[PDB]
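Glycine gets a Cβ as well: all are built from the backbone with ideal geometry, and neighbour counts include every protein chain shown. Quick note: the coordinates plus some simple rules give every number you see, no bench work behind them.
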Amino acid sequence: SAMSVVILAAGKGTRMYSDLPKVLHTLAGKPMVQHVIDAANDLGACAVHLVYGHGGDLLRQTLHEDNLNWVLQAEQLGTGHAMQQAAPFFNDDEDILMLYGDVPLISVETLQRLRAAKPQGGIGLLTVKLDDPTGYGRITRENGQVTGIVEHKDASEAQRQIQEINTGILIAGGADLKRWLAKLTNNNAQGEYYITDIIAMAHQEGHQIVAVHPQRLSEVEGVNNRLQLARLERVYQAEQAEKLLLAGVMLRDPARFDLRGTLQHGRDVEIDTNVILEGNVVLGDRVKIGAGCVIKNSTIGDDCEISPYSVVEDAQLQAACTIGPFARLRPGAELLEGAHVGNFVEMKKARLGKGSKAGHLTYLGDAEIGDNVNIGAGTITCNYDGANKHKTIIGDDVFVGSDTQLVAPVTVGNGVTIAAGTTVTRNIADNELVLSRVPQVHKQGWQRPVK
Amino acid sequence: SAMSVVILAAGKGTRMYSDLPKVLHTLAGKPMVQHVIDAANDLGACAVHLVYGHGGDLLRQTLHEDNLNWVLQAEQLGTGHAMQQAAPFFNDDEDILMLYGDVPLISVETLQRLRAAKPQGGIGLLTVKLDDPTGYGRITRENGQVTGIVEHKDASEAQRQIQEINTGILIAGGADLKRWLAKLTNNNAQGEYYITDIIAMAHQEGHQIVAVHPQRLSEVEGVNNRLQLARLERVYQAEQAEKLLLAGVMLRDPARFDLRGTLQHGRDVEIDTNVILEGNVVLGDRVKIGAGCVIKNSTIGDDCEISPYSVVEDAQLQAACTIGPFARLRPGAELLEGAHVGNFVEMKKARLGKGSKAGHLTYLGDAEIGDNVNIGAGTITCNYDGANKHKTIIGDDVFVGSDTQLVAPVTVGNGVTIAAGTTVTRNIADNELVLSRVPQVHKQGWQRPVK
Amino acid sequence: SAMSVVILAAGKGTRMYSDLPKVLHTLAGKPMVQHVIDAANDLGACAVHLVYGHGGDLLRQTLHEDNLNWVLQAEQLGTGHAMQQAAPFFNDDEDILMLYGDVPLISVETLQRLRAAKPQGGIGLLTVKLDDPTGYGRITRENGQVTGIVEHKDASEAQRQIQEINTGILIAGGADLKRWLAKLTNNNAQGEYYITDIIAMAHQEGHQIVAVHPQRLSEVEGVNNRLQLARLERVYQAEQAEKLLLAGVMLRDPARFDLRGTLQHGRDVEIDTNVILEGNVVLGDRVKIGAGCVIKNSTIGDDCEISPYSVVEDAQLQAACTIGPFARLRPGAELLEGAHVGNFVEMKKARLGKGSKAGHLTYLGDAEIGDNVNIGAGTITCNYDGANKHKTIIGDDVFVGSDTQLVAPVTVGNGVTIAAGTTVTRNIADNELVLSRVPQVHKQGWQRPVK
Ligand SMILES: [Cl-]
Ligand SMILES: [Cl-]
Ligand SMILES: [Cl-]
């Protein structure tokens, strides 16, 4: 049946020493709470109730889902209190899954299992067996069945021997939750309303608590400081790297590899050390990526070789292109089949034609360059006049001599040969050798300066 | 006496998800099977019998040894069957060592010990003691002596307690192997011919099986997927890094260091984080290599400093040169004693003289540059006319002003001073200040464009 | 009361295979012995007695403290002998703390605790409990109190069960040390004078030995080869990275982060993988540093973004500057608020004004550039005439067209527009569009060369 999610994002997060709300800090390039939001929507949540206490301006600036429902916890009185704020929105006939904005790696797979295990009228509980369960609340079981949670402060010498502890994540019916939440009190040392009281309520009423466990302990790890965040980052990258390796991408060093987004890949891709893939990256068959590349939101066709230390953002390479080492492709970079870009070359909103080469020390901006063109070393498209951008068009089979300047808007015909060092301001018709040059003069007797 | 090797390379390798035969995937820049081939030749194998079942085109394209003998296993019926295919080539009077194309790190040292331990008429067996020997066949021993291998499926509760397991690697006489292999049958669940049946044969005939162990467990690790390959890569690099550190190379971070080939080094070399050394690299005394360099098939003389993010392939630096940061030396790059190459500079088939400097934003291709030359920033040798490469020659003690173009073929004399921005097409005689320049004109009243 | 330190630096260090004295090899960019020297001065040592046996030229070249006292150990006869050489300099009324030039990570905190625990007339001893104390001398205790050190060679079956071992570091009164050191003998297998004999002396005289332990085992780790040095490097960097993370700097991968010096940082700094910080680095609030940057002795104001693979040494960025990717800032680089430096750009002794941009392929050396200037792509300040450096001055609101050359000394007025490809040699007055250009000529019928 229908189901909605409450994401708790209400801690102060002081141990982050941050002006950014804690659950907005990123993991693999996406905010922690966004991981949870995405899981809930993958589960098909009808609504996502985000309960926050601070930083509502910044949260609302960053999170936009058509089904996101914002719920202020006006005071920090505990997770049970936080649920009481969302409770007026639960439907009686829907399940309500409770999640944490700072436990980002919880998986859809685990949550689907939790949801299946919730007994009617009862509670599904996500528990984990720890080697050292000190501090955590222990799950009590009599003749196989769960009966309650005992906090560590109140556990007996023999109770503190249970290794199964409560993760805080749970699922239950909307109408039942409304019933339990209303009965919550706060007579205790901290004066808080603890959500775990509802376990005892359900048990005393005659209903069942069924527990399931995550596949990986990392799925239920929480983040309160940046050391915990960085450790979770490494765990997640490691898991991604293993999946890629097993699926048939060769990562030379999986510990020196980062994916912050998504990867579609062909067969026989090889990725060298210290590559960062960001956004949505698409790699064809037999793409080779060299040491140190950063590739963001780009598509790289079959058989391309990206040499070391290239930076690619929002670019398109067709099959069999070679870029780098030290190539810088910016949004709108576009290489046709078999094109080459060398070292210290920058492209921005620029198309390099089929089999065309710009091998050295070149800036191509706002340009359409034809097929079988040789952009000589030191060439620059002057696309900026101080106020507006202008376009440079080069035809098919053009030789642009080393250190040429094209002052856009300029069109260059097919078969043109532009001489070295020359400055191009007006158009050039087909097959015109064009040049703008002064012959060298030889001065006799010049004495070179001295200190 | 003489000895030959069988390398088994006959698995399907499906779990690699590859169009490249599995044993051709590289480890430290060399195909796995090539590691094994090299060990066998270091051992002095008279012949290397490579038994394959698939991918013979690609194997024969990649492997070339004058003593390599290709043996098709026409069907995948087990390692015992694979040996029966090589068996018609064994000489009676030679030992036959059996190796695996996907167990690349087996060492010459271990194999020499195995060979010494083979009893006459008997079998030398390579066994390893595992913390968890589950699945592997256990070595049985009575009063010290080996008597058989018990597969894990057929081991008793107490048998599964042996931690010594069969690695599959073994050595025995040619004529004995021919005798045993012929007696192999395939009445079993898998219908295969298992090479380990010959252990029981030798024992029942009255001959001995003597076992030895590898030094490191990694020596007998096999690769069936790219996760196993990547883990073996890290293990191997780590071992190489330790040897280099103990021999007196300072690696700032041995976990961020890769050698894919060989290194000869002097005293007091320092290598910073994330350096990749490929091919045959030779480093003099007191070479300093900065963060991120990639150096392939190059020789770097005493006291050179390679600053961060330089890429060097097939280059020669004499003593006391400085290149980088962001230097790109390509094949034929050649620096004489005390020469300097700065940032965003590229050399290809180019010699920079004794104490000569090209510090910024320069391409030198197909050039011989004299001693005490200052290649100004932005200089470019135009060596390519669209069809053929041409040569630029600069003499001793030449000042090439910033942003000069040399249109090869051009010779420049000694003591020449070339002015900034000038274009050089014809030769220049000694001490000629040469220039090609238009005086700047000052326009009054120009209004700069607007959006 | 007063206190002085003896640093033992007298080993041969042969296992380093080095021409540099062992204690001078660096850890986090500072010589090992300098770590110890700095701890001793933090403790307020009145004198630091450095006892060496070899390499005195190189030591004295590298170490300079106004309170450093050089003490030759003329022969390698043991640490007790080494102390006898420093002993003539101890004052009766001061404590003498004994340290080791090759145990670099010993902390001021631990040493302050050791100093507090020295009983009057007695010895403070630094001991550590090891999981495997094999080889080390065991601390003996009767009814809580220390009584002696038993070397491992002379320990009983039950003695070798003590896990508390002597680290060699100790503190005692000057006059007592002079008394004990004089009574040292060398009747033993090695013929050496062992400093640990003084423990028995103090005990037999009726005085106490009180022991304390380091916080971390790494604090008392010694370096005899470069593998041990590299492992200590990683341990130290890891500890620094944790402190930074907990203090609120986001390191994307703390294992790929190196600080060789000091860091002052604001709130919400983010540092990506493979960044090296050297010397004294100051980062403002919300600085973002990209993958691979190296930043040395520089100050980077609030909100700057340093894109990947930039190298910064002795630079100053004001608030809100953007440099990189592939930026190279050299000493004297100076960016005012909101300035931008793009890819393949180099600055040296150069100031880029408020909101000024040099985005591509540019060298700015010895230049003062005004506010709201656009340095076009390919621009070069020719500051070097072969003998002396010269200065280029550009005013406010100047458009320097792509591939311009400024031949210093040149002043450029405000509002100047310099055309593309032009060469500037004489000054330019305000609002002068300046240009130096030849119109392009179009040759008919030119046949391009062929192989
Ligand atoms: Cl590479
Ligand atoms: Cl460095
Ligand atoms: Cl990045």
Per 5 Å bin from zero, what fraction in whole % of the C-alpha pairs of segment C:55-208 is there, up to the bin with the longest pair? 2, 8, 16, 20, 22, 17, 10, 4, 2, 0, 0
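When each pair of different Cα atoms in segment C:225-451 is counted once in the 1/r mean, what is the Kirkwood radius in angstroms, to one decimal? The partial results should precede the final answer.
Values: mean 1/r = 0.0523 Å⁻¹.
Averaging 1/r across every pair of different Cα atoms and inverting gives 19.1 Å.
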Within segment C:82-102, backbone nitrogen closer than 18 Å to the virtual label 7 Å beyond the Cα of residue C:179 toward Cβ: C:84, C:87-97
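What dipole magnitude, in Debye to the nearest 20, does segment B:1-224 give about its Cα centre under +1 on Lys/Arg Cβ and -1 on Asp/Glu Cβ?
On the way: 17 positive and 26 negative charges, 42 e Å.
My answer is approximately 200 debye.
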With the charge dipole of segment C:91-242 built from beta-carbon charges (+1 for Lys and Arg, -1 for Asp and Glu) about the Cα centre, the Cα from C:188, C:106, C:201 projecting farthest to the positive end belongs to C:188
Could you tell me the distance between the Cα centroids of segment B:45-74 and segment C:43-77, to the nearest Å? 64 Å
Quick check: net charge around residue A:303, other residues with Cβ under 14 Å of its Cβ, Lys/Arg +1 and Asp/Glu -1? -4
What order do you get for A:307, C:218 when you list them from fewest to most C-beta neighbours inside 10 Å? C:218, A:307
Counting pairwise Cα distances across segment A:1-46, what percent come out greater than 16 angstrom? 46 percent
What are the label-to-label distances in nm, one decimal and shortest first, from residue C:217 to the same spot in the other copies, with labels 7 Å along Cα to Cβ? 2.0, 2.0
How far, in nm, would the chain grow between residue A:388 and residue A:116 when pulled straight, counting 0.36 nm per residue and subtracting the alpha carbon separation? 91.9 nm
Per residue of segment A:151-156, in order, report the coupling 6.51 cos²θ - 1.76 cosθ + 1.60 (Karplus, θ = phi - 60°) as ³J(HN,Hα) in whole Hz, putting x for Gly and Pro. 5, 5, 4, 9, 8, 6
What three numbers, in Å, describe the spread of the alpha carbons of segment A:324-384 along their principal axes, ordered from the longest? 26, 21, 19
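To check you understand DSSP bridge types, tell me what percent of the beta bridges within the protein assembly as shown (both residues inside) are antiparallel, rounded to 5. Spell out each step's value before the answer.
On the way: 69 of 333 bridges.
So the antiparallel bridges amount to about 20 percent of the total.
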Starting from the amide H of residue A:73, placed 1.01 Å from N in the peptide plane, find each other amide H under 5 Å away whose residue is 5 or more places distant or on another chain. A:52, A:53
Formal net charge of residues neighbouring residue C:32 (Cβ-Cβ distance under 14 Å; K, R +1; D, E -1): 0
Mind jotting down a quarter of the surface of the convex hull over the alpha carbons of segment C:1-119, in square nanometres, one decimal? 7.6 nm²
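Estimate the FRET efficiency between residue C:46 and residue C:161 by the formula 1/(1 + (r/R0)^6), using the beta-carbon distance for r and 51 Å for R0, to the nearest 0.05. Don't skip to the end; give the middle numbers.
On the way: r = 41 Å, r/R0 = 0.81.
According to the calculation, E is roughly 0.80.
Of A:442, B:390, how do they rank once you tally other Cβ atoms within 10 Å and put the fewest first?
Numbers: A:442 14, B:390 18.
Exposure proxy ranking, most exposed first: A:442, B:390.
Net charge near residue A:440: determine it from the other residues with C-beta under 12 Å of the C-beta of residue A:440, scoring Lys and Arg +1 and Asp and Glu -1.
Numbers: positive: A:437, A:443, B:426, B:437; negative: B:432.
Charge balance in the 12 Å sphere: +3.
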Pairwise FRET efficiency - residue A:297 versus residue A:109, Cβ, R0 = 25 Å, nearest 0.05: 0.35
Which semi-axis lengths, in whole Å and largest first, follow from the square roots of five times the eigenvalues of the Cα gyration tensor of chain A? 62, 21, 20
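Would you kindly state the longest site-free stretch of chain B, with sites defined as GluC sites (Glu not before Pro) in a DSSP loop (not H, G, I, E, B) surrounded by at most 10 other Cβ atoms within 10 Å?
Working: sites that count: B:75, B:157.
Between the exposed loop sites, the longest stretch runs B:158-451.
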Could you pull out every one of the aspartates and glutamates with an alpha carbon less than 14 Å from that of residue A:348, ignoring same-chain neighbours closer than 8 positions? A:313, A:314, A:334, A:366, A:368
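Please report, ordered by residue number, every helix of chain B (full DSSP H runs) that is 30 Å or longer along its axis going by C-alpha atoms and whose mean Kyte-Doolittle hydropathy reaches 0.0. Numbers along the way, then the final one.
On the way: long enough: B:226-247 (31 Å, -0.25).
Helix filter hits for chain B: none.
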Relative contact order [Cα under 8 Å, 6+ residues apart], chain A, whole percent: 8 percent
Suppose we keep just the alpha-carbon trace of the protein assembly as shown; what are its Rg and Dmax in angstrom? 36.5, 109
